[PDB]
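Each of the two blocks below gives one form of the same protein chain as structure tokens; they are labelled structure 1 and structure 2.
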Structure 1
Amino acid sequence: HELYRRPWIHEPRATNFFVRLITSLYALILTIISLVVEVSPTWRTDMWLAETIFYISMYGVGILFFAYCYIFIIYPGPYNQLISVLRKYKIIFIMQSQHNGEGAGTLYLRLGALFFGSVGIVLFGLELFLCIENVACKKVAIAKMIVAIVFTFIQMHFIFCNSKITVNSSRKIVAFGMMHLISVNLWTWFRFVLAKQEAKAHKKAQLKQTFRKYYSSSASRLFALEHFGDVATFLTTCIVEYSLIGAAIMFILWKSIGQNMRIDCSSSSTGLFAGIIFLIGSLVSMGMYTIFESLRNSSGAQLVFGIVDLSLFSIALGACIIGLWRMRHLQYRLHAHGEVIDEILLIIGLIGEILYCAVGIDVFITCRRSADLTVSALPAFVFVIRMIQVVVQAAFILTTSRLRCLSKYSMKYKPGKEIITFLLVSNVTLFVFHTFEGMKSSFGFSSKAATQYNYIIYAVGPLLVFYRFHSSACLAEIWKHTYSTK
């Protein structure tokens, strides 16, 4: 006939789309089945053998795909040596390195993946220790923890070294493996957010009892959650953040299938000093709350401590507003210069933060209704300011990540760079502050003043996201890209 009149099976675009679609559908089926299995209560108690087989199978297929990659794509050296020996005096195909430079994720994202994977492996090892010291747990728990640790470590190495992967080899096998890795990461994320939700009920009940005794008369489970205090909450949010990052990186790698300067610390001083002041204030607040039992029990102090949190969030929000106003002078990007991975992860962190704040606000009101509204509304104000701050900061981060300093005025004068530096430092301090807040109720709020000024006790919902880490990574990318010479 004419050109482009061949069967779609021979068309590279059509068959690439078909493999893409098949792998995506397979992932979707696995993720839905994993969610159904995890929620189901008859799979953790009765069908323990089936649940163990599913767990071992998910991690084992992940490890098999990782081994296939390391042997046949990333490091085909030993395979080439074996194939040469076979040809020498055994039998009578060779692979090539073909190393690439497709760095999918940002360096900050991969470093965070390393840190969170290490913390998750620490959590897995702690479970393993608990199940070793326990007789209730059996040999299958040992295998589950070991295979989880092995998969997590191998995926840490794969994520960090995701540039030397040449996905154009074994395209369909790599697509299926990437989708299985996404399914495994999402299944781990769902497992550990269901585990995090178990502590929500206990915290809620404890809060209701503590509230009542002070205002009266006017299906996944990890043993460390309820054994190692509230540190297990930090470990579990670390592992869910690691799983989210890994799933995003694997999705970027899977999407790439089939598709053919120096630190400029200039104009980063006034913001850096303000960021250091923010860090010093946050650290002083954390230390005063932690080491001084007298301070955490007084009402003056608990008022001042809550005012400190409100001031921190208000200062961050005002910094974002001033940054938008100053950076209004910048220029839009001439062409794309980023991966949607960072935006997607930041939006997921934003969703988690808004959910956390809304649940806290709902619990706060609930509690105030049960006490005839005798509680100061400062915790509600802190929650609302936190939600407004995270929303405005997400908008600011996206807008300024799509901004550049192209004009001569925007080059000699850097509008907002001080604000960007301050926001990056303050986001690191808010990350460590939110880590501390997960252990604030470990001290014990025996202070009646804590029931009327401290807002952490009202946040019984789990914090499933590290929005501050993703915000810091995006802000560092903005700082190093938006204010660059080009």
Structure 2
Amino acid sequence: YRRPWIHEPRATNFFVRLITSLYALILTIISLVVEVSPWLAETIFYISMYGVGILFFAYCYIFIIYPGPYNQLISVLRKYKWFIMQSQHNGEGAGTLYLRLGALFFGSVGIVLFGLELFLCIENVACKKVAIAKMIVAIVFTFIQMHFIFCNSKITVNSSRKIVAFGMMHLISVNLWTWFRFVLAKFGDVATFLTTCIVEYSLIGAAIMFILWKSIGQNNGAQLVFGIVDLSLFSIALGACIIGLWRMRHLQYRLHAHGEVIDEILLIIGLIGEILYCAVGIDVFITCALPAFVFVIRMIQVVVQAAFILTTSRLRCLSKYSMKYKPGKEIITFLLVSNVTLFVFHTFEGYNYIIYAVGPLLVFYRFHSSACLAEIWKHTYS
């Protein structure tokens, strides 16, 4: 108009968005060098990141989500005698019910891990309060974050919209940094299950916090039988995706996107992990045919399934026939069963640095695919 940009809403919106995104980018890059490098520096950094996250959570809980006890005090002071925090809230969450339940489960399994090394610290004679404290803040932050994720609806990112911006970007940085803490190798089956769960939990938390941040300012013989069963499971899932797209071609495009960005981000992360894993396997089996044939089938299946999900998540049965025939349902249920089976099977069955780094990404891709298909089974066919 003629006003300065410091007083133009959509000018101030981007500026805050850009500043918070730059802060998150710097802190995420720094967290990688400090956690992928060859101790107090880390310790104080560790405790600082969790402490700032917990402080932001307390600010949100005291002043935004539950302003009652703060509202009392102002009145209690108004008795021993403007600034009372309204209870504006919402029901729109930043994730699906299945995704948030998975977040609760993976965070619970991460707290089990953190408590395990907490016990192994106290009951040993080599570590220090330095260990206990940081593990306590890890447990506290993780539990608070599970509670916040599972209730990411009432949160009004738009009441304190510049600390919620800085806070959400800091939380994304904390989740990504926690993921980076576990992309490096330090019962072998139970150990790799604990790291995977906390990696998956960090990914879900980062996606949820990013979706919330985006809404700020908005006015809205084993190696034989197992390979055989992987090939069979991949092949039937690969065919079901191809058939399902053919059967579901008569549905209609959605008019309102509902949770399509978080699903896109998580599915692409899982798919990137899957494609690297398959490509690296093909490369190593070439530089050093059953497994190599399985890897090509696995890559084709994961790519076609990613396309199938990302498309059918926008398809709704709104035609008279589409509402009555529910075209493709049995496909969705079959694919969901196959994906859950693959996730479970790859968990109980558990050039080595990419394998460990992308290890949790495979099972996270399977879990996210299941969570999307359950959402598709419900939202498309209503």
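The first residue in the sequence of structure 1 is number 1, and each one after it adds one. Each form is matched to the other, and the largest set of C-alpha atoms that superpose within 1.5 Å is called the rigid core.
Chemist: Let me spell it out: fit the two forms on their rigid core, measure each listed C-alpha, and pick the one of 111, 334, 340, 161 that moves 2 Å or more between structures 1 and 2. Which is it?
Modeler: Per the superposition, the moving residue is 334.
Chemist: Aligning on the core only, does the CA of residue 308 end up 2 angstroms or more away between structures 1 and 2?
Modeler: Yes, because once the rigid core is superposed, the C-alpha of residue 308 moves 2 Å or more between structures 1 and 2.
Chemist: Quick one: once the rigid core is lined up, does residue 349 have its C-alpha move by 2 Å or more between structures 1 and 2?
Modeler: Result for residue 349: no, shift under 2 Å.
Chemist: Given a superposition on the rigid core, I'd like a yes or no on whether residue 461 shifts its C-alpha by 2 Å or more between structures 1 and 2.
Modeler: Yes, the C-alpha position differs by at least 2 Å between structures 1 and 2.
Chemist: By how many angstrom is the Cα of residue 12 displaced between structures 1 and 2 when the rigid core is overlaid?
Modeler: With the cores aligned, its C-alpha sits 1.1 Å away.
Chemist: Fitting the two forms on their rigid core, what distance in Å separates the Cα positions of residue 241 between structures 1 and 2?
Modeler: Superposing on the rigid core gives a C-alpha shift of 0.8 Å for residue 241.
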